[PDB]
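Enquirer: Dropping the structure in here first, questions after.
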Amino acid sequence: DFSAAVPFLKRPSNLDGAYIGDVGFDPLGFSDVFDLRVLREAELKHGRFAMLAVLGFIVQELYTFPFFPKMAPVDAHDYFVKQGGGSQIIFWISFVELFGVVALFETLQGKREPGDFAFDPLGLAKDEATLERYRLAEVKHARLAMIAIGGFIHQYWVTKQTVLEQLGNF
Amino acid sequence: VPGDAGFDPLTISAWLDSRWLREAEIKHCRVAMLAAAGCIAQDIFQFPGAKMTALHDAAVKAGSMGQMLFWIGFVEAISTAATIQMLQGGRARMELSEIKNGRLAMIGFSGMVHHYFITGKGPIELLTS
Amino acid sequence: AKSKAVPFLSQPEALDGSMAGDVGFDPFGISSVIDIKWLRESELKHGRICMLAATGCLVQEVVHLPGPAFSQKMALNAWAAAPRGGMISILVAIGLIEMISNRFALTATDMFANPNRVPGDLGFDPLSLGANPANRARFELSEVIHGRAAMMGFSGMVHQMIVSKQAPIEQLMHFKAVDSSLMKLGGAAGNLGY
Amino acid sequence: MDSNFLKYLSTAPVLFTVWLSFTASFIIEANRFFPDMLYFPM
Amino acid sequence: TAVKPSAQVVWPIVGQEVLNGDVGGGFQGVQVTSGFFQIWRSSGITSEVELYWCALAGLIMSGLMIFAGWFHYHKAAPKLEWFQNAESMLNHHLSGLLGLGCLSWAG
Amino acid sequence: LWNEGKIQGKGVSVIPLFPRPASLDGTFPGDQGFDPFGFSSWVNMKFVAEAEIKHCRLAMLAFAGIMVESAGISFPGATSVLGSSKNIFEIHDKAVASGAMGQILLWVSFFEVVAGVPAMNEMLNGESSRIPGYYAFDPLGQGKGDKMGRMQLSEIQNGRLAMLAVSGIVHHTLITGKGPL
Ligand code: CLA
Ligand code: CLA
Ligand code: CLA
Ligand SMILES: CCCCCCCCCCCCCCCCCC(=O)OC[C@H](CO[C@@H]1O[C@H](CO)[C@H](O)[C@H](O)[C@H]1O)OC(=O)CCCCCCCCCCCCCCCCC
Ligand SMILES: CCCCCCCCCCCCCCCC(=O)OC[C@H](COP(=O)(O)OC[C@@H](O)CO)OC(=O)CCCCCCCCCCCCCCC
Ligand SMILES: CC1=C(C#C/C(C)=C/C=C/C(C)=C/C=C/C=C(C)/C=C/C=C(\C)C#CC2=C(C)C[C@@H](O)CC2(C)C)C(C)(C)C[C@H](O)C1
Ligand SMILES: CC1=C(C#C/C(C)=C/C=C/C(C)=C/C=C/C=C(C)/C=C/C=C(\C)C#CC2=C(C)C[C@@H](O)CC2(C)C)C(C)(C)C[C@H](O)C1
Ligand SMILES: CC1=C(C#C/C(C)=C/C=C/C(C)=C/C=C/C=C(C)/C=C/C=C(\C)C#CC2=C(C)C[C@@H](O)CC2(C)C)C(C)(C)C[C@H](O)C1
């Protein structure tokens with residue numbers, strides 16, 4: 001009848017809690033129009049990019065490879081635009097995203113979970129129960145990292161200080 | 001149903017939804033209550049490091065008003081979902097009390113802002129002078 | 001019923017683990033569109049040419065036929081320096097080999113018209129090295145894998161010869177990195193031409 | 001991929017426009033890298 | 001008064017780059033006659049950044065109209081009694097479309 | 001010995017922090033139920049077991065070699081051709097230049113091509129049922145019953161210890177910049 005997250009809003013019809021991390025939060029009604037599978041594909045893909053990027057920031061201030069010049073991550077974006085390594089990374093992301101297009105076609109055809117690439121080399125998921133717990137954690141971390149990366153880049157744009165140095169100063 | 005003194009002389013309720021009208025009245029009430037409590041508060045005390053209408057103009061340059069607008073706008077977008085859904089589809093005493101106090105605050109703030117246009121003074125300053 | 005190569009995709013039909021190197025890798029579903037017999041004939045043919053091509057680049061680095069026209073250590077220069085009459089002789093001989101070895105069943109409408117015809121089996125066993133049936137599975141597997149590897153390796157060597165105008169072994173032994181001043185990728189439409 | 005969308009891309013105008021755009025595209029690319037070919041060079 | 005408006009540049013392919021004539025302002029391109037430059041100066045654009053923002057605004061509107069056509073045919077299609085409101089449509093197209101269009105443009 | 005259930009056995013975890021995996025059975029020698037990443041489920045156990053023992057033997061030989069060279073113990077005339085320094089890194093570079101490392105490489109690689117690869121492939125395929133790491137090398141015996149239990153466990157544990165030690169020793173030498181002992 002109503003949403004778990006927003007008490008005064010009604011729970012969206014397409015949000016039945018089947019996807020982990022669901023709390024009924026969809027006021028603008030994007031699930032009433034679009035396929036939720038595609039939207040969870042997009043949520044997990046944006047979030048995984050954001051999580052890799054927030055670790056990307058933190059490690060890039062802490063360390064940089066000796067063959068690459070020491071510099072700030074947004075300056076790293078521009079340097080690797082002009083150097084060629086950005087095009088390398090874009091090509092290899094695009095190459096993986098080809099099979100991601102195939103994977104999304106498998107999701108639309110009903111035969112794949114929206115974020116599952118069966119990528120468990122280290123076997124951390126043991127049974128279904130821990131997989132569900134990890135999955136809820138993954139979506140929560142994905143959403144939190146999407147907000148966090150926007151903060152890290154916007155704070156750098158306003159104050160030309162890196163995230164670790166901005167915590168260190170002020 | 002709360003705060004019903006039988007006072008609808010122009011009969012607005014006949015030609016607009018009582019739910020949309022009540023949402024507008026209650027939202028105006030609350031906003032006005034915060035505004036009236038705010039007017040007196042600015043004169044009584046100032047948050048560290050920090051005019052009825054001119055201070056708004058100063059704040060937009062400082063971005064203080066702009067940050068408040070963005071966050072209130074996000075809550076309001078969720079509130080727009082709530083208003084559309086409501087239109088589509090102790091505590092009793094407190095609802096009447098909230099409506100009456102909010103109506104008094106609507107008039108209260110209205111008085112404070114016209115007092116500011118007249119003497120250029122805050123509501124506490126109006127009592128002081 | 002998932003692929004073993006790509007675990008999150010469904011196992012492709014016409015891939016049933018019978019063929020050597022059938023690890024379940026067809027994400028784009030070309031085997032569902034193109035008959036697997038033609039694709040395995042083409043895969044074996046590409047790989048066999050590439051196995052010779054990889055060996056060609058490395059061996060032409062080490063050993064040359066005599067004479068000044070065959071003295072090009074860098075392999076992409078041998079294309080231009082080698083006598084044209086003989087390179088067109090190679091090309092014509094390849095065309096003759098294609099017509100006789102495929103037995104005039106060359107097209108995608110008449111190769112495998114004989115039900116006895118097998119993908120990749122052109123009848124090539126001069127020394128009867130496939131006379132032992134036991135090695136057939138391993139050999140066919142190792143031919144396919146050697147072919148795939150040589151496709152990847154030759155592709156690398158060519159594009160490393162383009163980037164660094166150096167032959168592959170002496171590019172490994174006199175390695176100079178990519179400066180990025182030149183060899184920029186793309187850019188024909190960014191500057192609007194020129 | 002959907003079989004009805006692939007059957008739509010197999011329709012005559014789509015294949016005609018894609019094939020003649022591909023045809024036009026390699027005529028354009030061949031005249032970009034190797035322009036002014038009035039003759040077969042021999 | 002000296003620079004000639006040009007918003008189209010050709011690629012050099014078959015000698016067709018002769019069409020990038022000297023329109024002025026250190027520029028080569030096809031001279032355009034649609035009067036957009038005079039519209040943009042009348043709007044007060046005075047920057048190419050603001051022209052990029054107008055291009056994005058047009059792109060967002062193009063996406064919203066193609067979405068609205070899909071939505072209003074496939075998700076929520078009005079009934080015939082909705083379309084047969086000529087009084088309501090005229091009230092809105094005079095007041096809302098043309099009237100707030102002029103009012104907002106005058107503003 | 002084997003001592004199943006106490007060491008080298010089912011229900012045996014060296015670290016209880018990491019749970020005993022079902023995929024790791026007690027059959028392989030020196031199995032202490034240590035598999036946090038669960039490789040045992042998808043890997044070929046015969047291959048990884050043979051690979052483990054070969055790494056162990058290489059490491060134990062590595063530890064003895066590093067200890068002898070670090071101590072300055074040398075074969076007659078060897079110091080003259082090779083590096084005088086007892087640094088393992090310096091000796092290896094000098095040995096490469098002399099050709100000693102090349103000769104060792106040639107013969108080790110030749111053994112692996114002609115014997116190591118056939119033994120590995122036949123063990124995995126099922127042609128000889130070779131026990132992982134078995135190279136039929138018992139010149140002074142010490143095999144039979146002892147080999148099945150204590151000797152196999154002693155080799156696996158000492159070799160794991162050696163692998164860790166050799167790793168430590170080279171990184172100690174790198175960060176310190178000076179050789180051990
Ligand atoms: C005041 C309300 C209003 C407005 C602005 C419009 C506007 C429009 N209607 Mg109409 N319409 C209305 C009420 C309104 N309608 C009502 C009440 C009915 C029911 C009787 C209809 C029934 C109706 C039909 C049946 C048709 C239209 C069509 C059209 C479009 C005409 C083509 C054109 O010039 O677009 C270009 C001009 C523009 C301004 C494009 C902007 C597009 C948006 C929708 C305008 C409003 C945006 C928003 C309100 C502005 C917010 C401002 C903010 C930034 C501060 C135009 C978008 C025709 C059409 O083309 O269908 C799509 C058509 O067939 N309408
Ligand atoms: C109809 C038969 C015929 C005739 C008369 C010629 C005549 C000629 N050829 Mg051509 N050729 C032929 C068939 C023929 N060719 C075929 C079928 C091939 C393809 C395999 C070639 C490939 C070829 C190349 C690549 C070259 C020639 C060259 C020459 C010329 C110099 C010959 C010379 O000095 O020989 C005396 C020299 C020799 C006898 C040396 C032979 C070298 C060894 C045996 C090569 C190793 C063979 C190698 C393993 C190939 C195996 C694949 C094969 C079994 C399919 C001469 C005009 C050369 C040229 O134009 O130079 C100016 C040259 O570069 N030929
Ligand atoms: C095939 C259709 C077509 C095309 C491609 C063009 C192309 C062009 N027109 Mg034209 N136009 C057309 C049909 C077309 N027109 C029709 C049918 C009319 C009659 C309504 C006009 C009236 C018209 C005017 C009045 C103006 C143009 C202008 C332009 C140019 C700039 C495009 C632009 O942003 O306009 C932007 C348009 C403006 C900036 C001014 C718009 C003012 C009108 C009055 C707005 C009316 C909107 C309203 C919804 C109309 C409803 C119809 C009414 C009877 C109810 C460009 C050369 C402009 C131009 O030539 O500048 C050099 C210009 O001022 N057009
Ligand atoms: C019936 C056929 C019988 C054939 C018998 C012969 C063939 C038998 C099989 C042989 C298989 C190949 C074996 C090698 C043959 C040549 C031996 C040789 O001398 O090579 C020749 C070269 C060295 O060449 C040396 O050059 C010196 C001068 O510079 C010397 O003076 C000598 O000329 C020569 O010894 O060997 C190498 O380059 C080896 C490179 C390293 C190879 C691996 C080493 C061992 C593995 C550990 C590496 C770990 C690396 C981790 C990552 C590090 C990243 C930096
Ligand atoms: C199975 C075989 C797998 C092959 C893998 C391919 C490896 C190489 C692929 C590119 C590597 C990295 C590219 C960075 C290089 C790059 O992105 O350059 C950018 C270039 C456009 O130029 P820009 O607008 O970027 O100019 C940018 C400015 O910075 C400089 O002026 O993009 C292209 O269009 C070039 C490619 C040709 C596009 C058409 C190719 C031919 C079409 C044939 C049919 C389709 C085939 C597939 C098409 C995608
Ligand atoms: C360039 C570079 C690198 C990099 C990088 C990369 C790849 C970075 C990737 C970053 C990404 C993909 C960030 C994704 C952000 C998405 C956001 C914030 C979504 C917000 C949506 C919200 C809040 C909502 C909502 C909604 C919900 C759900 C319900 C609706 O009904 C309503 C509503 C609209 C409210 C790094 C940084 C490592 C450094 C390097 O040296 C250089
Ligand atoms: C068909 C196809 C495939 C394929 C393939 C491919 C690409 C095959 C390529 C085959 C090649 C490269 C054959 C090369 C032959 C070279 C010859 C005969 C050299 C002769 C030298 C001469 C006569 C001389 C001389 C002398 C001269 C004149 C003057 C001196 O100063 C110099 C010198 C002393 C040297 C395969 C097999 C993979 C699979 C499938 O079945 C489909
Ligand atoms: C079948 C048959 C028989 C036969 C026969 C024949 C002709 C057998 C020949 C078989 C051949 C030629 C096999 C060659 C494979 C080459 C490979 C896999 C190379 C891969 C290179 C890679 C991965 C790389 C790379 C590299 C990169 C890019 C970076 C570079 O800087 C360097 C580097 C090189 C390291 C006979 C005739 C005996 C009779 C019998 O009755 C039937």
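Letters A, B, ... go to the chains of the structure tokens in the order shown; residues in each chain start at 1; ligands are counted from 1 in the same order.
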What residues in chain F have any atom no more than 10 Å from chain A when counting only C-alpha atoms, and can you write them as an mmCIF file with C-alpha atoms, in the first residue's frame?
Expert:
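This went into result_16.cif:
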```cif
data_model
loop_
_atom_site.group_PDB
_atom_site.id
_atom_site.type_symbol
_atom_site.label_atom_id
_atom_site.label_comp_id
_atom_site.auth_asym_id
_atom_site.auth_seq_id
_atom_site.Cartn_x
_atom_site.Cartn_y
_atom_site.Cartn_z
ATOM 1 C CA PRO F 21 35.515 -25.880 2.736
ATOM 2 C CA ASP F 35 40.933 -22.567 1.282
ATOM 3 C CA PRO F 36 39.287 -19.166 1.981
ATOM 4 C CA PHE F 37 38.954 -18.253 -1.676
ATOM 5 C CA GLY F 38 37.480 -21.678 -2.532
ATOM 6 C CA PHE F 39 39.808 -22.471 -5.430
ATOM 7 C CA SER F 41 35.856 -26.191 -6.104
ATOM 8 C CA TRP F 42 36.750 -25.081 -9.633
#
```
Enquirer: Could you list, as an MDAnalysis selection string, all protein and nucleic acid residues with an atom at most 10 Å from ligand 1, counting only C-alpha atoms and all ligand atoms?
Expert: chainID E and resid 61:62 64:66 68:69 72 78 80:101 104
Enquirer: Step by step, measure atom-to-atom distances between ligand 2 and each residue using only C-alpha atoms and all ligand atoms, keep those at most 9 Å, then write them as a ChimeraX atom specification.
Expert: /C:65,69-70,82-94,97
Enquirer: Emit the selected residues as a PDB file, in the first residue's frame, including N, CA, C and O atoms.
Expert:
```
ATOM      1  N   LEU C  65      66.317 -15.746 -46.950  1.00  0.00           N
ATOM      2  CA  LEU C  65      66.838 -16.234 -48.200  1.00  0.00           C
ATOM      3  C   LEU C  65      67.932 -15.262 -48.635  1.00  0.00           C
ATOM      4  O   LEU C  65      67.885 -14.076 -48.295  1.00  0.00           O
ATOM      5  N   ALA C  69      67.139  -8.572 -52.218  1.00  0.00           N
ATOM      6  CA  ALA C  69      65.689  -8.404 -52.189  1.00  0.00           C
ATOM      7  C   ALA C  69      65.034  -9.107 -51.008  1.00  0.00           C
ATOM      8  O   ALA C  69      63.864  -8.840 -50.724  1.00  0.00           O
ATOM      9  N   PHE C  70      65.760  -9.979 -50.311  1.00  0.00           N
ATOM     10  CA  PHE C  70      65.237 -10.752 -49.193  1.00  0.00           C
ATOM     11  C   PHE C  70      65.937 -10.398 -47.893  1.00  0.00           C
ATOM     12  O   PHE C  70      65.918 -11.185 -46.954  1.00  0.00           O
ATOM     13  N   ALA C  82      60.410  -7.764 -51.508  1.00  0.00           N
ATOM     14  CA  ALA C  82      60.387  -9.056 -52.186  1.00  0.00           C
ATOM     15  C   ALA C  82      59.924  -8.895 -53.628  1.00  0.00           C
ATOM     16  O   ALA C  82      59.069  -8.043 -53.900  1.00  0.00           O
ATOM     17  N   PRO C  83      60.573  -9.606 -54.587  1.00  0.00           N
ATOM     18  CA  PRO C  83      60.199  -9.536 -56.007  1.00  0.00           C
ATOM     19  C   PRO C  83      58.720  -9.752 -56.287  1.00  0.00           C
ATOM     20  O   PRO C  83      58.143 -10.734 -55.816  1.00  0.00           O
ATOM     21  N   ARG C  84      58.118  -8.772 -56.975  1.00  0.00           N
ATOM     22  CA  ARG C  84      56.681  -8.751 -57.236  1.00  0.00           C
ATOM     23  C   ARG C  84      56.215  -9.975 -57.993  1.00  0.00           C
ATOM     24  O   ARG C  84      55.130 -10.485 -57.712  1.00  0.00           O
ATOM     25  N   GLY C  85      56.971 -10.384 -59.020  1.00  0.00           N
ATOM     26  CA  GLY C  85      56.661 -11.599 -59.760  1.00  0.00           C
ATOM     27  C   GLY C  85      56.516 -12.808 -58.864  1.00  0.00           C
ATOM     28  O   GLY C  85      55.567 -13.579 -58.994  1.00  0.00           O
ATOM     29  N   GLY C  86      57.408 -12.936 -57.887  1.00  0.00           N
ATOM     30  CA  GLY C  86      57.310 -14.039 -56.962  1.00  0.00           C
ATOM     31  C   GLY C  86      56.221 -13.909 -55.926  1.00  0.00           C
ATOM     32  O   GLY C  86      55.648 -14.913 -55.510  1.00  0.00           O
ATOM     33  N   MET C  87      55.904 -12.690 -55.498  1.00  0.00           N
ATOM     34  CA  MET C  87      54.804 -12.522 -54.551  1.00  0.00           C
ATOM     35  C   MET C  87      53.457 -12.770 -55.228  1.00  0.00           C
ATOM     36  O   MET C  87      52.547 -13.347 -54.624  1.00  0.00           O
ATOM     37  N   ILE C  88      53.327 -12.379 -56.496  1.00  0.00           N
ATOM     38  CA  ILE C  88      52.113 -12.686 -57.239  1.00  0.00           C
ATOM     39  C   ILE C  88      52.082 -14.172 -57.575  1.00  0.00           C
ATOM     40  O   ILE C  88      51.008 -14.774 -57.623  1.00  0.00           O
ATOM     41  N   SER C  89      53.254 -14.798 -57.744  1.00  0.00           N
ATOM     42  CA  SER C  89      53.335 -16.251 -57.868  1.00  0.00           C
ATOM     43  C   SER C  89      52.823 -16.952 -56.616  1.00  0.00           C
ATOM     44  O   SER C  89      52.118 -17.961 -56.717  1.00  0.00           O
ATOM     45  N   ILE C  90      53.183 -16.431 -55.437  1.00  0.00           N
ATOM     46  CA  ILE C  90      52.658 -16.928 -54.161  1.00  0.00           C
ATOM     47  C   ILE C  90      51.143 -16.789 -54.121  1.00  0.00           C
ATOM     48  O   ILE C  90      50.433 -17.725 -53.748  1.00  0.00           O
ATOM     49  N   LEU C  91      50.638 -15.624 -54.538  1.00  0.00           N
ATOM     50  CA  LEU C  91      49.202 -15.340 -54.531  1.00  0.00           C
ATOM     51  C   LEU C  91      48.420 -16.268 -55.463  1.00  0.00           C
ATOM     52  O   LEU C  91      47.371 -16.805 -55.086  1.00  0.00           O
ATOM     53  N   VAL C  92      48.938 -16.480 -56.672  1.00  0.00           N
ATOM     54  CA  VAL C  92      48.321 -17.374 -57.645  1.00  0.00           C
ATOM     55  C   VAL C  92      48.372 -18.810 -57.159  1.00  0.00           C
ATOM     56  O   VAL C  92      47.385 -19.542 -57.274  1.00  0.00           O
ATOM     57  N   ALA C  93      49.506 -19.219 -56.580  1.00  0.00           N
ATOM     58  CA  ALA C  93      49.645 -20.558 -56.024  1.00  0.00           C
ATOM     59  C   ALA C  93      48.677 -20.786 -54.878  1.00  0.00           C
ATOM     60  O   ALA C  93      48.118 -21.873 -54.760  1.00  0.00           O
ATOM     61  N   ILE C  94      48.443 -19.760 -54.053  1.00  0.00           N
ATOM     62  CA  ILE C  94      47.448 -19.831 -52.981  1.00  0.00           C
ATOM     63  C   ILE C  94      46.052 -20.018 -53.563  1.00  0.00           C
ATOM     64  O   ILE C  94      45.272 -20.835 -53.071  1.00  0.00           O
ATOM     65  N   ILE C  97      45.805 -23.574 -54.757  1.00  0.00           N
ATOM     66  CA  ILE C  97      45.675 -24.434 -53.573  1.00  0.00           C
ATOM     67  C   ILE C  97      44.256 -24.392 -53.024  1.00  0.00           C
ATOM     68  O   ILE C  97      43.686 -25.424 -52.650  1.00  0.00           O
TER      69      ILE C  97
END
```
Enquirer: With only C-alpha atoms and all ligand atoms counted, collect every polymer residue having an atom within 8 Å of ligand 8; state the result as a PyMOL selection string.
Expert: chain C and resi 48+50-55+58+124-130+145-157+160+168-169+171-172
Enquirer: Using N, CA and C atoms, can you write the selected residues to a file as a JSON list (two decimals), in the first residue's frame?
Expert:
```json
[["chain", "number", "residue", "atom", "x", "y", "z"],
["C", 48, "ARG", "N", 45.65, -21.20, -39.19],
["C", 48, "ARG", "CA", 46.76, -21.88, -39.90],
["C", 48, "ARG", "C", 47.60, -20.83, -40.64],
["C", 50, "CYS", "N", 47.77, -17.67, -39.85],
["C", 50, "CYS", "CA", 48.40, -16.87, -38.77],
["C", 50, "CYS", "C", 49.55, -17.62, -38.10],
["C", 51, "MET", "N", 49.44, -18.95, -37.94],
["C", 51, "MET", "CA", 50.56, -19.73, -37.36],
["C", 51, "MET", "C", 51.77, -19.57, -38.28],
["C", 52, "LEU", "N", 51.57, -19.71, -39.59],
["C", 52, "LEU", "CA", 52.68, -19.49, -40.56],
["C", 52, "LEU", "C", 53.10, -18.02, -40.51],
["C", 53, "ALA", "N", 52.15, -17.10, -40.41],
["C", 53, "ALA", "CA", 52.45, -15.65, -40.40],
["C", 53, "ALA", "C", 53.27, -15.26, -39.17],
["C", 54, "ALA", "N", 52.93, -15.80, -37.99],
["C", 54, "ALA", "CA", 53.71, -15.52, -36.77],
["C", 54, "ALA", "C", 55.10, -16.11, -36.96],
["C", 55, "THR", "N", 55.18, -17.39, -37.34],
["C", 55, "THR", "CA", 56.46, -18.02, -37.62],
["C", 55, "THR", "C", 57.20, -17.28, -38.72],
["C", 58, "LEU", "N", 58.88, -14.01, -37.16],
["C", 58, "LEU", "CA", 60.04, -14.34, -36.32],
["C", 58, "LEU", "C", 61.19, -14.96, -37.12],
["C", 124, "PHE", "N", 44.77, -33.03, -45.71],
["C", 124, "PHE", "CA", 46.18, -32.67, -45.59],
["C", 124, "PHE", "C", 46.80, -33.45, -44.45],
["C", 125, "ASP", "N", 47.45, -34.56, -44.78],
["C", 125, "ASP", "CA", 48.29, -35.28, -43.83],
["C", 125, "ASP", "C", 49.43, -35.97, -44.57],
["C", 126, "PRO", "N", 50.39, -35.20, -45.14],
["C", 126, "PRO", "CA", 51.45, -35.78, -46.00],
["C", 126, "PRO", "C", 52.29, -36.87, -45.37],
["C", 127, "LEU", "N", 52.59, -36.74, -44.09],
["C", 127, "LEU", "CA", 53.39, -37.70, -43.37],
["C", 127, "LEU", "C", 52.55, -38.62, -42.50],
["C", 128, "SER", "N", 51.22, -38.62, -42.69],
["C", 128, "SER", "CA", 50.25, -39.45, -41.96],
["C", 128, "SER", "C", 50.41, -39.33, -40.45],
["C", 129, "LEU", "N", 50.61, -38.10, -39.97],
["C", 129, "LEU", "CA", 50.80, -37.89, -38.54],
["C", 129, "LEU", "C", 49.51, -38.03, -37.75],
["C", 130, "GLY", "N", 48.37, -38.00, -38.42],
["C", 130, "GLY", "CA", 47.10, -38.24, -37.77],
["C", 130, "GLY", "C", 46.62, -39.66, -37.95],
["C", 145, "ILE", "N", 43.99, -24.21, -30.68],
["C", 145, "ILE", "CA", 44.53, -23.27, -29.70],
["C", 145, "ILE", "C", 45.75, -22.54, -30.26],
["C", 146, "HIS", "N", 46.65, -23.29, -30.93],
["C", 146, "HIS", "CA", 47.79, -22.71, -31.64],
["C", 146, "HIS", "C", 47.32, -21.74, -32.70],
["C", 147, "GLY", "N", 46.21, -22.07, -33.36],
["C", 147, "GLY", "CA", 45.68, -21.15, -34.35],
["C", 147, "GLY", "C", 45.19, -19.86, -33.74],
["C", 148, "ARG", "N", 44.42, -19.96, -32.65],
["C", 148, "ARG", "CA", 43.88, -18.79, -31.96],
["C", 148, "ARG", "C", 44.98, -17.90, -31.42],
["C", 149, "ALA", "N", 45.97, -18.53, -30.78],
["C", 149, "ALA", "CA", 47.13, -17.83, -30.23],
["C", 149, "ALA", "C", 47.87, -17.10, -31.32],
["C", 150, "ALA", "N", 48.02, -17.75, -32.47],
["C", 150, "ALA", "CA", 48.77, -17.15, -33.56],
["C", 150, "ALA", "C", 47.99, -16.03, -34.21],
["C", 151, "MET", "N", 46.66, -16.11, -34.21],
["C", 151, "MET", "CA", 45.86, -14.97, -34.63],
["C", 151, "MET", "C", 46.13, -13.76, -33.75],
["C", 152, "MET", "N", 46.10, -13.96, -32.43],
["C", 152, "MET", "CA", 46.36, -12.87, -31.50],
["C", 152, "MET", "C", 47.80, -12.37, -31.59],
["C", 153, "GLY", "N", 48.76, -13.29, -31.69],
["C", 153, "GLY", "CA", 50.15, -12.88, -31.75],
["C", 153, "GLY", "C", 50.54, -12.13, -33.01],
["C", 154, "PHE", "N", 50.09, -12.61, -34.18],
["C", 154, "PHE", "CA", 50.43, -11.97, -35.46],
["C", 154, "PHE", "C", 49.83, -10.59, -35.56],
["C", 155, "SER", "N", 48.59, -10.46, -35.09],
["C", 155, "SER", "CA", 47.89, -9.18, -35.00],
["C", 155, "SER", "C", 48.67, -8.22, -34.15],
["C", 156, "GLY", "N", 49.19, -8.70, -33.03],
["C", 156, "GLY", "CA", 50.04, -7.88, -32.21],
["C", 156, "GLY", "C", 51.30, -7.44, -32.91],
["C", 157, "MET", "N", 51.98, -8.40, -33.56],
["C", 157, "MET", "CA", 53.28, -8.12, -34.16],
["C", 157, "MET", "C", 53.17, -7.11, -35.29],
["C", 160, "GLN", "N", 52.48, -3.82, -33.77],
["C", 160, "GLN", "CA", 53.70, -3.32, -33.16],
["C", 160, "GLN", "C", 54.75, -2.93, -34.20],
["C", 168, "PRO", "N", 59.80, -7.72, -34.74],
["C", 168, "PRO", "CA", 59.36, -8.11, -33.38],
["C", 168, "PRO", "C", 60.43, -8.55, -32.39],
["C", 169, "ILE", "N", 61.42, -9.35, -32.81],
["C", 169, "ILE", "CA", 62.44, -9.78, -31.86],
["C", 169, "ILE", "C", 63.38, -8.62, -31.53],
["C", 171, "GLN", "N", 62.55, -5.53, -31.82],
["C", 171, "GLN", "CA", 61.74, -4.62, -31.03],
["C", 171, "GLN", "C", 61.68, -5.04, -29.57],
["C", 172, "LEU", "N", 61.72, -6.34, -29.28],
["C", 172, "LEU", "CA", 61.83, -6.74, -27.88],
["C", 172, "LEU", "C", 63.22, -6.48, -27.32]]
```
Enquirer: From the list E:44, E:71, E:25, E:6, which residue is nearest chain A when using only C-alpha atoms?
Expert: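 So, comparing all the options, the nearest one is E:71.
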Enquirer: Within 8 Å of ligand 3, counting only C-alpha atoms and all ligand atoms, which protein or nucleic acid residues do you find, written as a ChimeraX atom specification?
Expert: /E:33-36,38-39,97-98
Enquirer: Residues as selected, N, CA, C and O atoms, written as a compact mmCIF listing (two decimals), in the first residue's frame, can you do that?
Expert:
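selection-v2.txt, freshly written:
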```txt
# COMPACT_ATOMS: atom_id res chain seq x y z
N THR E 33 22.53 31.21 -44.58
CA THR E 33 21.61 32.30 -44.87
C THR E 33 20.30 32.16 -44.13
O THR E 33 19.31 32.77 -44.52
N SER E 34 20.25 31.36 -43.07
CA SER E 34 19.01 31.14 -42.34
C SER E 34 18.72 32.22 -41.32
O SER E 34 17.64 32.22 -40.73
N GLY E 35 19.65 33.14 -41.10
CA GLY E 35 19.44 34.22 -40.17
C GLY E 35 19.53 33.85 -38.73
O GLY E 35 19.03 34.59 -37.89
N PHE E 36 20.19 32.74 -38.41
CA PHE E 36 20.32 32.32 -37.03
C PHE E 36 21.25 33.22 -36.24
O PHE E 36 21.01 33.44 -35.06
N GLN E 38 21.70 36.40 -36.58
CA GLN E 38 20.93 37.59 -36.24
C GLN E 38 19.89 37.31 -35.17
O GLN E 38 19.65 38.16 -34.31
N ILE E 39 19.31 36.10 -35.16
CA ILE E 39 18.42 35.67 -34.07
C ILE E 39 19.17 35.60 -32.75
O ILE E 39 18.69 36.08 -31.73
N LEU E 97 -0.39 28.87 -24.64
CA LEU E 97 0.66 28.73 -25.64
C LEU E 97 1.09 30.08 -26.21
O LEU E 97 2.25 30.46 -26.10
N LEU E 98 0.17 30.80 -26.84
CA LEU E 98 0.55 32.05 -27.49
C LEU E 98 0.73 33.18 -26.48
O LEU E 98 1.64 34.00 -26.62
```
Enquirer: Starting from chain C, keep only residues with some atom at most 7 Å from an atom of chain A, counting only C-alpha atoms, and report them as a count of residues only.
Expert: 6
Enquirer: Find the spatial neighbours of range 129-144 of chain F, counting only C-alpha atoms, within a cut-off of 9 Å - ignore same-chain residues fewer than 6 positions away - and output them as a list in words.
Expert: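 The neighbour list is residues 28, 46, 47, 48, 49, 50, 51, 52, 53, 54, 115, 116, 119, 120, 122, 123 and 151 of chain F.
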